[PDB]
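One chain comes next, on its own, written as structure tokens: the form deposited without the RNA.
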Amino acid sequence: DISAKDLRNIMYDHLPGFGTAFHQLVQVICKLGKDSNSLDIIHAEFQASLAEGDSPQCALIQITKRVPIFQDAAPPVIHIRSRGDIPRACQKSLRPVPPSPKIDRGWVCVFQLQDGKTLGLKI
């Protein structure tokens, strides 16, 4: 069966740039997908969206809206040392964390920094 790493690579193969907010959204989709044994339906939705003519970016957002593990779900917390550990291409997408961030509203993840700071990654 397809693994989280396989699916990450497949999705990466469709994205422009490196270390962008969409690359992180791929990471989150694969990790949450792995943890809920849903990598197959996620891959199926991804390919179906591309097949309909959607951009790969739109296909990733549609996964957050169509695959039920993401619906009304909070973004995962990812512990990191400092803001510098986040890829350069994501930096301008980092925001203060709103009261009830939701993945299907574009809040990809929340970075929990060592010194207590928290930053949400927004699309």
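For the two forms, the rigid core is made up of the largest set of C-alpha atoms that agree within 1.5 Å on superposition. Don't overthink the numbering: it's just position in the shown sequence, from 1.
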query: Between stretches 21-29 and 111-119, more displaced by Cα RMS in 6 other deposited structures of this protein (rigid core superposition); finding: 111-119
query: 43-51 or 77-85, whichever carries the higher mean Cα B-factor; finding: 77-85
query: Mean temperature factor over C-alpha atoms, higher-scoring stretch between 64-72 and 30-38; finding: 64-72
query: Third assignment of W107 from its chain's C-alpha B-factors; finding: lowest
query: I2 - which third its CA temperature factor falls in, relative to the rest of the chain; finding: highest
query: Ranked against its chain, the third holding the CA B-factor of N9; finding: middle
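Below, we refer to the form solved in complex with the RNA, which is not included among the displayed structures.
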property	result
The RNA contact at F22 in the deposited complex, heavy atom, 4.5 Å	yes
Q57 within 4.5 Å of the RNA in the deposited complex, heavy atoms	yes
Non-hydrogen atom contact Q27 with the RNA in the deposited complex at 4.5 angstroms	no
Partner contact for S93 in the deposited complex: the RNA, 4.5 angstroms, heavy atom	yes
All of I61, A89 and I123 within 4.5 Å of the RNA in the deposited complex, heavy atom check	yes
Neighbours of the RNA in the deposited complex among 64-84 [non-hydrogen atom within 4.5 angstroms]	none
